[PDB]
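All chains are identified by letter, namely A, B, C, D, E, F and G, in their written order; residue positions are counted from 1 within each chain.
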Amino acid sequence: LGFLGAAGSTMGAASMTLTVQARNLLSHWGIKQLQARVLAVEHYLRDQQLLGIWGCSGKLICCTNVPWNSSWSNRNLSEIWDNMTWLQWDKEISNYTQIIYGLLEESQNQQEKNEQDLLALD
Amino acid sequence: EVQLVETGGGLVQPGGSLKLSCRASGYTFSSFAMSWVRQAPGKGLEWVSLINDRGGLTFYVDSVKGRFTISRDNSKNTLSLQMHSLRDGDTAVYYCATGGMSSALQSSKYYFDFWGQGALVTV
Amino acid sequence: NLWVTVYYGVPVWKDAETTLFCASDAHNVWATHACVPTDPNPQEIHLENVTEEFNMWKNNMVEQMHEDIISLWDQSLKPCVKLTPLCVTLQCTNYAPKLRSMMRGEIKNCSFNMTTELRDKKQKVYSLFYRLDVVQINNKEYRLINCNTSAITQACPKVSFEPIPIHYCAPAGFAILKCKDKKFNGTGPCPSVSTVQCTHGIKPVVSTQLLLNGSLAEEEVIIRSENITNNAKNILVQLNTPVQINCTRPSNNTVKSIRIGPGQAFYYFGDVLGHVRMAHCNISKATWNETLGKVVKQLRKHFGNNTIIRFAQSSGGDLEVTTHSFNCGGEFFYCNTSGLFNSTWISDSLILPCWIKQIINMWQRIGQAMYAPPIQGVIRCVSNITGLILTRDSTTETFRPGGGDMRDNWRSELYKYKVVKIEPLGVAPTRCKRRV
Amino acid sequence: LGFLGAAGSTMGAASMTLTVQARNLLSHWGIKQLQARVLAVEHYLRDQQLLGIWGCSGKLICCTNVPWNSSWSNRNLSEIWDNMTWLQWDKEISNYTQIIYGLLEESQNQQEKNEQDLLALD
Amino acid sequence: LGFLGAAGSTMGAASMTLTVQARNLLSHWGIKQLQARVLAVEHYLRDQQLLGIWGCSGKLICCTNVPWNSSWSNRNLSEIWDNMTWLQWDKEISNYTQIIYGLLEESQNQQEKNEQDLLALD
Amino acid sequence: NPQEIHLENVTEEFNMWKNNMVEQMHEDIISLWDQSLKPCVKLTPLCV
Amino acid sequence: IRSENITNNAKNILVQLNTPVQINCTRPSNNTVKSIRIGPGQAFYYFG
């Protein structure tokens, strides 16, 4: 395949190319070229910070404790993974992204506190 | 004045269920871990369950591990215990108590400071 | 039996001096687009139990604003016509010799042998200059005053000098703390402190003697200084009420334009369509008296409780440091403020005459000069005096208007803000240990 | 609350707002603005590198094996967490920061080596 | 020792100075100085991204499931760790670096998928 | 080297009239041209 | 004695001494310098 080769593939199939996409995020006139590189770095770091905040700091794929709400475009399970591409999915739930992210942050802080308490039990 | 006041209880058939609750005041409810302690008629004291102050961590004595639920509502200042699949061996006074584990920022205790008077449960 | 734990995201900070970015709203000299169009939304977080000290006299935001304004001004003039050809021996007479008013002898009618757009041709040009723009060489022969130090750049005569407000904003990792207290004298703790991303809009108004169109004090006149006991330092006085000032140049002028090169032309004062009058400013007399009464009352709180406060006119120097000055309508005015500082305070309009100049030397930058084109028609200005800059020399202390150093005009708006660096990492003991 | 809303709160209370602060670390004339952004990125990375070095790479809160020394401003336990703000704490132990950091680095390298040995036991 | 003090030491001995080296990766005319800083940041991030991709996101030392091939300069085990420096080792296997990296990426994606399946077993 | 990855099942709309690549090319060319002339002789004396 | 290619006479030789040779240079003429304005803010200096 190669970079974005999986863009037209189903969401399930495309889950096998996350490595490929991840590597291509990093790999006066001149000042505007320099500005663009700096902004690209800041963007990269923001995505990494969210993964860190959500408790998914070193994974391309991870699980969380936030249940999927049926209100968030319930489109079955197999229909999403086998008969839809990621480009379509990103529109199906575009109005829920901020809700989901907020939930992911909250159901991390709750976990860190529980872990901290357990480490204090002699 | 710190008070823990239990309610609920009564006689239930073996194989049945019931729920106990405890209201509390005189302290910030949300600042303390709580537990239920069993006083069987002639045994005096058995630990049953422990819940932390945020209501997220629960621990049980093995004998009730698959049957009892300990829960909290910090807006109501209420501690509660749901007991399922009751046995005759569970006949006891069940006491509401504050203590046990703590927040890890605040001098963990591992003992009980306050006791209610307890609900009587017969099975 | 306690263990070190690590917390990241800890709400602490340290004082820091960094670069702020400029944010904007809205041709015009400040429309540079270097200052980023933003959402003015004044999001603010009150810090309920935080008290932190401020020091407006060591505020690097002031130093940055000073440099940003000068740099901006200079860049706006950079591409405009250089009036090198005007620094030539000039022949002059008086514009209206038959005048017995304050303006007699003020406007001169001068002629030049001027450059045309072709290299081998000259043209005779007649134009009007103000007395303050020329000196005699010894009709008499004159030279423009810039000829001692600099070429004059034509002030890009399409571009407005209206002081469009700008906002300073912190970059990520930084925050601006707003004092929010009352009766804040510029230093020490502010128990009302809150955090903002951006400052309020600040108008880059440039003036001497008096501060115009700034912020007013919330309750009472506030007197601030770096060192109140040191007569070498000045005093910034922030009023709690505006004094309205009405300024004008009541002369209907006509402006002419001459080509002086292949794509260059300069503008000049052509004639007067009527009769010559002196520019002036109107201050309500009673209002000014009340204003001084408030200032005196407040000076007495820390200085001279039972003594005499005397106001006097400035001591001397050239106009840029002895008179009130401002730009209005794009014109440059110099006004005599002696009528405002003529009283002794012991334990119905007012009129200030004004002069104007075409050749301007801003921010004491020696070696540069700007030619302000004359403005067609009549100028009417309305503004709010929001403060004063005073300096002070037994039983009587004498106060005089100050100015010249423009940073004083920005401290008066930026005294409320401090920039800090967020340092979100720290440790503390807890009872938790790693399982290892 | 919002950004720095917890600054006047006790250290304990403020531990619940770490997420808020973390997100606001990322979220010729023009060249100095560009320089400031670059330096902010380098600062961010230095803090992240320390968390990585200390074995606390993806957490806002973590525990270590370094004991607290009583010489490091022993101020009890409950007094620190309930009657002090983070701003005050940062001054109470400002002269011990480098000592603590050095200890945190050492009692990581010791742990990585022990883990490496255990993974070689058949 | 100090920065690069271990460069002439054996590979084994030098494994104890990884902390030292890691910290020194972060710690018109002016525009070229700014450019150099930006590029240094991008380089740093690329190394961190690989560690993330390989499943070694927060460690200076980590293990993988890729076996060492004898074709990759088999030089024994004790000879490499006790009688060779890292500078020499980097030449001994310079033509296998890309092969090894590719294997490390593949034997991560396989692991993430297996973990994902296990988390779905009730 | 024109490395290219075909997107086998992707369809996406284009709009050449709103293409900022055009605006960038326009500015880059003018800027370049102007910089190349910048250091060269000014024929001020010929406007005679 | 250092060179890029010591056998190539097209290359030079850098010789680094292991001892300094002190050199004393002078312009033993007491000169006076004058200054003339040649423009609006410009002046040049010259040997008077």
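By our rule, a contact is a pair of C-beta atoms (placed from the backbone, for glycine too) under 8 Å apart; a residue touches a chain by one contact, two chains touch by 3 or more.
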Number of steps on the shortest touching-chain route linking chain D and chain F: 2
Centroid comparison with chain E (C-alpha atoms), farthest chain: C
Central chain (distance from its CA mean to the mean of all protein CA atoms): D
Chain B and chain C: spacing of chain centres that average the CA atoms, whole Å: 72
Chain centre separation (chain A, chain F; CA means) in Å: 35
Chain centre separation in whole Å, for chain C relative to chain A (CA means): 51
Inter-chain centre distance, chain A versus chain B - centres from mean C-alpha coordinates, in Å: 42
Chain E residues counted as touching two or more neighbouring chains: 28, 31, 34, 38, 41, 57-58
Multi-partner residues of chain B (each touching 2 or more other chains): 102-105, 107-108
Chain F, residues touching no fewer than two other chains: none
Set of all touching chain pairs, with the criterion as stated earlier: A-B, A-C, A-D, A-E, A-F, B-C, B-D, C-D, C-F, C-G, D-E
In the complex, chain E residues that touch chain A: 28, 31, 34-35, 38, 41-42, 45-46, 49, 52-53, 55-58, 105, 109, 112-113, 116, 119
Chain C-touching residues of chain D, taken from the complex the two chains share: 1-9, 11, 14-15, 17-22, 24-27, 29-30, 32-33, 35-37, 40, 43-44, 47, 50-51, 54, 56, 59-68, 77, 80-81, 85-87, 89-90, 93, 97, 100, 103-104, 111, 114
For the chain G and chain C complex, residues of the former touching the latter: 40-41
Chain A contact footprint on chain D (complex, rising order): 16, 18-19, 22-23, 26-28, 30-31, 34, 37-38, 41, 44, 57-61, 63
Touch list for chain A against partner chain F, complex: 1-5, 7-9, 29, 85, 87
